[PDB]
């Protein structure tokens, strides 16, 4: 019926960690490791619940120590790259001149390292983009969302470009009116 997961990971040699809660496959919050702060996925969550972000940092420190231990135990057997599947969709039916959001959905990949670029008419876009942390899957791969708000025109074409160590070349997924 319902599942709440506290999911952690730690990645060598990148020294990347993550700590988050998941409810039925949606992110409740994660802990920004650099700023040492709780980041609620929706603002409204932070007004009914609180979380002491310090304890997460302690859990990641154990995760790092355990990764060293398990690495030795496996005789330094590394991960196998699993390349992502990428879908581009809109938040809602597209009307000319009415604002909308492009969603780039990156699914079913590991390790949790990826370069994602939005292109408008073949040029990288920066303004107004946002993204999620790596969301865990039940098969213990990852998925991730990237967001680009935009004004639909007949002029502009868009592509989501995804790079991952499992791909021989970047994956581009296209959208136009």
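Positions refer to the first chain, counted from 1.
Check the entry's C-alpha temperature factors for 72 to 80 and 97 to 105, then say which stretch has the higher mean. The recorded data point to 97 to 105.
Which is higher in the entry, the mean Cα B factor of 108 to 116 or that of 50 to 58? Comparing averages over the C-alpha atoms only gives 50 to 58.
Kindly indicate the residue among 34, 133, 28, 67 with the greatest C-alpha B-factor in the PDB record. Of the options given, 34 has the highest CA B-factor in the PDB entry.
Lowest, middle or highest third - CA B-factor, residue 45: Tercile = highest for this residue's CA B-factor.
For residue 151, does the deposited CA B-factor place it in the lowest, middle or highest third of the chain? Residue 151: CA B-factor falls in the highest third of its chain.
Among modelled residues of the same chain, the CA temperature factor third for residue 141: Answer is lowest: the recorded C-alpha B-factor places it there.
Please rank the C-alpha B-factors of the chain's modelled residues and tell me whether residue 19 sits in the lowest, middle or highest third. Tercile = lowest for this residue's CA B-factor.
Chain-wide C-alpha B factor ranking for residue 162, given as lowest, middle or highest third: Middle third.
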